[PDB]
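Single-structure report; data block below.
Counting starts at 1 for both ligands and their atoms, in listed order. Values below: every heavy atom of this structure, side chains too, minus hydrogens, waters and symmetry copies. The chains referred to below are lettered A, B, ... by the order of the sequence lines, with proteins before strands, and numbering in each begins at 1.
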Amino acid sequence: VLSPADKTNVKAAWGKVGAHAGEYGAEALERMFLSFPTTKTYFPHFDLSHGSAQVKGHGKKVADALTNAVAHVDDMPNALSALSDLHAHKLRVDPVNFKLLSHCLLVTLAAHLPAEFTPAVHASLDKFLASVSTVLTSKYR
Amino acid sequence: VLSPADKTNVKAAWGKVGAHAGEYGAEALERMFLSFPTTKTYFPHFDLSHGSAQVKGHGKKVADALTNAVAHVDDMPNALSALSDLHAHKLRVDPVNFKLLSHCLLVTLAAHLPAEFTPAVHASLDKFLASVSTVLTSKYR
Amino acid sequence: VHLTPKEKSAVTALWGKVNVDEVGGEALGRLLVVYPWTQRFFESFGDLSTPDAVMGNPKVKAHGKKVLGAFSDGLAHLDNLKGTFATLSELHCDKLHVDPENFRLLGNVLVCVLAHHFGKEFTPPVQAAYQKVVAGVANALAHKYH
Amino acid sequence: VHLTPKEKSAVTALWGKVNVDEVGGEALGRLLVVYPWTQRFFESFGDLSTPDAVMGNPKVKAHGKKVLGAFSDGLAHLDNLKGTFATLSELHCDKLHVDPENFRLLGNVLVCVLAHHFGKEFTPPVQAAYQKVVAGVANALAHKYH
Ligand code: HEM
Ligand code: HEM
Ligand code: HEM
Ligand code: HEM
């Protein structure tokens, strides 16, 4: 469960991301594809090279979903229900892969927001991304 | 999330366990300790040998907790809140270990209830134990 | 992986009683049912819409038989699983890109199937021996990732 | 594990800039804060009640320094991590019984700390090279379980 302090920390850290939201999401995807090449197979219709417009565009989608989760942090299963259906049913994304993308999102935030990425905020962000991941993997049937 | 069919399957399978509830819980613990010896370190005040009264008694506690979860399957975070605090805060149980005990519970049920352990019921039981595990690991802070 | 003589005995004795035509298919079918994301790798197998559909699917039974053969092969070479599974590792890791967590999952489903079939004969010490084996196989199959 | 020359270059170049007195403690401290069950293994370290308490704890900084030394040792022997980490594997697996998932977690926390310290210099390809390294170290430390 996310504590009051966790929600405060995540909202504050994500507030600092700003107009870089889409950019950071795209960078997290790139980090994931390079570090964990098994994840690439989900995107055969994507060119996954650096500067790819498709990865850029997808990064914005990812970011917008996370922003929705932050904005509705007390109602995340509802807020992310459609996305949960998509990833679990249609796409059949392996649950391990959410841990990989979550790690790459943390690395991306650490690399861009040194003042915000305190140990306490790191812990809150990890819990938040784990919570998002729990919702997105909740619909396998 | 647990579907209506999942809840029906788990209630039916657990209904067949009966007066063997405590016994099966004790057997699952023994299976875990022998198969995954890292888990033994949580019980230094226990004699973990076969026929140990302490493992027998603890198996009944485990079983009674699972029975509570089955009986309150739509309200499990509330029902298991005290136990979540215990395992996460006080005992600091590694989240990996819940996957190990869940597997050993499935093996125990398979070994005792051949007619009930259909592929569909296996799937429902796995989801149920994963849900219990999610609640019991929800309180790390 | 190192099994004691007592464990080797327990494992080999049970394996001789295994129905090699059916157990592999039961394990693969249950993997597909219990962990539905694994169906992503088997779209050419046809009807996987229901548990009954999966378990009765001829391609699942046929492929399951091949998997069990590989486990049988591993049981004969417990002291050289890496060499034994080299080609399969290249296939599952380099060509298929299956996350290695799923090797562990299939191994644990196999252990559930053995428990189902053998009942009280699948004692806690027998299970512990089989857990060593399926862990060894999973690690060997994942070698190309290491 | 096999790094390309380009990856080896990227890894070695960054590591030379690492503050070896501090980074290990930052990684160990963050492990204890982010994954609080790991505190079970460090009850003799004293005050771990708050994040500030953990990060400022002299024993955490001191031990963290030893961990980083081991990673440094691994970077010098990428072609023989198993031998390099043999004694540490016996300690962490046979004596301490730490679940090996936590070796992976500490490695990933280290990668976060490197990203924190180096910023845009910790590029996606540099990260990918370091992920190979920390995976290799984790697997080598877990050898006694295999
Ligand atoms: C924090 C975790 C994640 C978030 C917030 C997220 C969010 C999203 C969003 C917003 C979309 C687009 C939905 C739409 O356009 O209707 C999407 C699609 C997709 N996601 Fe994710 N996702 C996450 C994790 C993952 C992971 C781990 C994988 C696989 C490794 C994955 C694979 C995909 C694929 C393949 C698509 C479809 C792309 C396409 O066909 O164009 N997602 N996701
Ligand atoms: C399905 C999962 C689990 C259930 C339902 C469960 C249930 C319980 C219950 C009912 C108790 C006794 C509570 C009390 O007496 O106040 C307990 C205690 C305990 N549990 Fe679990 N547990 C689970 C998983 C685990 C795992 C995976 C571990 C470690 C590997 C673990 C380690 C312990 C320990 C060390 C105690 C305290 C024993 C003592 O000090 O006497 N539990 N658990
Ligand atoms: C211990 C674990 C496993 C063993 C021993 C095993 C063994 C095998 C064997 C013997 C084959 C036949 C290779 C041949 O025809 O020469 C095969 C093929 C295949 N495996 Fe597995 N397997 C395991 C896990 C998995 C998992 C978990 C997945 C996916 C979730 C998977 C996906 C596949 C696919 C898609 C093929 C067909 C490849 C082709 O025909 O081109 N395997 N495996
Ligand atoms: C890549 C991962 C790791 C590396 C490289 C590493 C390295 C080390 C080193 C160099 C020592 C000092 C040994 C000595 O004094 O000779 C040590 C001790 C220790 N490690 Fe780690 N470690 C890792 C992961 C972990 C984790 C995840 C835990 C627990 C969650 C852990 C628990 C301990 C403990 C309790 C000691 C003290 C043992 C003693 O002094 O008797 N280690 N480790």
Side-chain angles (χ1 to χ4, degrees), chain A residues 25 28-29 32-33 36 38-43 45-46 54 57-58 60-66 68-69 80 82-83 86-87 90-91 93-102 105 129 132-133 136, chain B residues 94, chain C residues 24 28 31-32 35 37-42 44-45 63 66-71 73-74 85 87-88 91-92 95-96 98-107 110 134 137-138 140-141, chain D residues 24 28 31-32 35 37-42 44-45 63 65-71 73-74 85 87-88 91-92 95-96 98-107 110 134 137-138 140-141:
Chain A
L29 291 171
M32 183 186 66
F33 294 138
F36 310 109
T38 53
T39 63
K40 292 193 297 183
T41 63
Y42 290 91
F43 303 85
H45 58 297
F46 278 16
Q54 288 152 344
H58 209 70
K60 172 151 205 68
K61 294 182 184 174
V62 175
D64 287 344
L66 291 172
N68 184 42
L80 302 181
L83 274 181
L86 179 68
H87 283 83
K90 183 175 183 300
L91 301 171
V93 179
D94 194 319
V96 172
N97 289 327
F98 292 87
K99 293 188 174 182
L100 305 181
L101 183 55
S102 292
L105 284 159
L129 294 171
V132 171
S133 297
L136 292 180
Chain B
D94 194 319
Chain C
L28 181 60
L31 181 83
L32 297 173
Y35 308 106
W37 61 87
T38 57
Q39 297 180 25
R40 178 172 173 260
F41 294 96
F42 300 95
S44 73
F45 277 22
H63 202 68
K66 298 175 185 176
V67 178
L68 201 68
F71 276 101
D73 198 356
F85 288 92
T87 52
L88 284 176
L91 175 61
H92 286 82
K95 281 297 182 297
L96 295 175
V98 182
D99 192 281
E101 179 67 10
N102 297 299
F103 305 155
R104 187 189 74 89
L105 296 182
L106 180 52
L110 179 57
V134 296
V137 170
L141 197 59
Chain D
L28 181 60
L31 181 83
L32 297 173
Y35 308 106
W37 61 87
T38 57
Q39 297 180 25
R40 178 172 173 260
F41 294 96
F42 300 95
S44 73
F45 277 22
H63 202 68
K65 191 174 184 187
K66 298 175 185 176
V67 178
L68 201 68
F71 276 101
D73 198 356
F85 288 92
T87 52
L88 284 176
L91 175 61
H92 286 82
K95 281 297 182 297
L96 295 175
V98 182
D99 192 281
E101 179 67 10
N102 297 299
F103 305 155
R104 187 189 74 89
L105 296 182
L106 180 52
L110 179 57
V134 296
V137 170
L141 197 59

Parallel, tilted or perpendicular, as decided by the 30° and 60° cut-offs, for the rings of A/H45 and A/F43: parallel

Intermediate values then yes/no, side-chain contact (heavy atoms from CB on, under 4.5 Å), D/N102 and D/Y35: CA-CA 9 Å; D/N102 297 299; D/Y35 308 106; 5.7 Å; no

Pair D/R104-A/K99, side-chain contact (heavy atoms from CB on, under 4.5 Å): steps then yes or no: CA-CA 12 Å; D/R104 187 189 74 89; A/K99 293 188 174 182; 4.2 Å; yes

Inter-residue atom distance C/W37.CH2 - C/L105.CG, 0.5 Å rounding: 6.0 Å

Atom 1 (C) of ligand 4: nearest protein contact (heavy atom, Å): D/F71 CZ, 3.4 Å

Minimum heavy-atom distance between C/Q39 and C/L32, given as atom pair plus value: NE2-O, 2.9 Å

Residue, atom name and distance, where the atom is the protein heavy atom closest to atom 24 (C) of ligand 1: A/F98 CE2, 3.3 Å

Non-hydrogen atoms of A/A28 and A/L105 that approach each other most closely: CB-CD2, 3.5 Å

Heavy-atom pair with the smallest gap, counting every atom of D/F42 and D/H63: CE2-CD2, 4.0 Å

Taking atom 32 (C) of ligand 3 as the reference point, the nearest protein heavy atom with its distance: C/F42 CZ, 3.6 Å

Sum of protein N, O or S atoms, each under 2.8 Å from atom 21 (Fe) of ligand 1: 1

Heavy atom of the protein closest to atom 33 (C) of ligand 1 (residue, atom name, distance): A/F43 CZ, 3.6 Å

OH-CZ distance between A/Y42 and C/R40, expressed to the nearest 0.5 angstrom: 4.0 Å

Protein non-hydrogen atom found under 4.0 Å from atom 43 (N) of ligand 4: yes

Least distance between heavy atoms, C/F85 atom then C/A70 atom: CZ-O, 3.4 Å

Atoms in ligand 3 with a heavy atom of C/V137 nearer than 4.0 Å: 1 (C)

Straight-line distance of C/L31 CG to C/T38 OG1, nearest 0.5 Å: 4.0 Å

Option with minimal heavy-atom separation from atom 27 (C) of ligand 3, where the choices are C/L141, C/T38, C/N102: C/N102

Under 3.5 Å: N/O of A/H45 near N/O of ligand 1: yes

Shortest non-hydrogen contact from C/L68 toward C/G24: CD2-N, 3.8 Å

Smallest separation among heavy atoms of A/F98 and A/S133, with atom names: CB-OG, 3.5 Å

Protein heavy atom under 4.0 Å of atom 20 (N) of ligand 4: yes

Shortest protein heavy-atom distance from atom 35 (C) of ligand 1, along with the residue and atom involved: A/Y42 O, 3.3 Å

Identity and separation of the nearest protein heavy atom to atom 30 (C) of ligand 1: A/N97 CB, 3.6 Å

Distance filter under 2.8 Å, centred on atom 21 (Fe) of ligand 4 - protein N, O or S atoms that pass it: D/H92 NE2

Those atoms of ligand 1 less than 4.0 Å from some heavy atom in A/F46: 41 (O)

Side-chain touch C/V134/C/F71, heavy atoms, less than 4.5 angstrom: yes

Reported CG-to-CG distance for the pair A/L66 and A/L80, which is rounded to 0.5 angstrom: 8.5 Å

Separation of D/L28 CG from D/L110 CG (nearest 0.5 Å): 11.0 Å

Under-4.0 Å heavy-atom contact between protein and atom 39 (C) of ligand 4: no

Verify atom 8 (C) of ligand 3: protein non-hydrogen atom under 4.0 angstrom away: yes

Rounded distance [0.5 Å steps], CG in A/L83 versus CG in A/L136: 6.0 Å

